[PDB]
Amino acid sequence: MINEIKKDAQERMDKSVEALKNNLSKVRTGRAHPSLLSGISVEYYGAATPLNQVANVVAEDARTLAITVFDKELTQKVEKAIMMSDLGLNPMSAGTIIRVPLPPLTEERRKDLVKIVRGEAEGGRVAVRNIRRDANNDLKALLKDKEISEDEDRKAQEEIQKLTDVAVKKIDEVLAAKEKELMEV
């Protein structure tokens, strides 16, 4: 059962990492990231529809987003949706294209978002550490039931340790990159 425990821990940590990245993607920076608008929804033929199903979102340049609405009848609803997302964005349209510049961060706002991303990172780290703790306890149960040897338990913990260190390093790197962007003035 050691292998099942290791694989489980690995899948759980990998997903904790993805969860962190997803969360950070919702944090606006001075740089263009189509992902920032992933949560945008527009009323289409009576139903709340994802932005990506009614338009393509691309980075025109490092600091500008370009949104092309496929149906000309949706351009203004899309634009309004963006203004409603309260991201401090000023979308401007023409035809089916909505240009959305990414404005620079004010000092006060930069320090606030840094706090937020560093806090999210810490959450990812505690998540991964909870998984290591949960996996190591599962190994202990086996050891104590005499299902695995002490040496197998110790080797397993070592592996768990490595999965932990990698996940945490991944989290630290993702944080660094995000802070680097936030520090851009």
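Sequential numbering from 1, following the sequence displayed.
Asker: Compare the mean C-alpha B-factor of 96 to 104 with that of 67 to 75 as given in the PDB entry, and name the stretch with the higher value.
Answerer: The stretch with the larger mean CA B-factor is 67 to 75.
Asker: Quick one: higher average CA temperature factor, 114 to 122 or 133 to 141?
Answerer: Higher of the two, by average CA B-factor, is 114 to 122.
Asker: In terms of the CA temperature factor given in the entry, to which third of its chain does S41 belong: lowest, middle or highest?
Answerer: Highest third, going by the recorded CA B-factors of the chain.
Asker: Consider only the C-alpha atoms of the modelled residues in this chain, order them by B-factor as the entry records it, and name the third containing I2: lowest, middle or highest.
Answerer: CA B-factor rank for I2: middle third.
Asker: Sorting the chain's modelled residues by C-alpha B-factor, tell me whether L182 ends up in the lowest, middle or highest third.
Answerer: CA B-factor rank for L182: lowest third.
Asker: Which third of the chain does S16 land in by C-alpha B-factor: lowest, middle or highest?
Answerer: Middle third, going by the recorded CA B-factors of the chain.
Asker: Based on the entry's values, in what third of the chain does the Cα temperature factor of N23 lie: lowest, middle or highest?
Answerer: Middle third.
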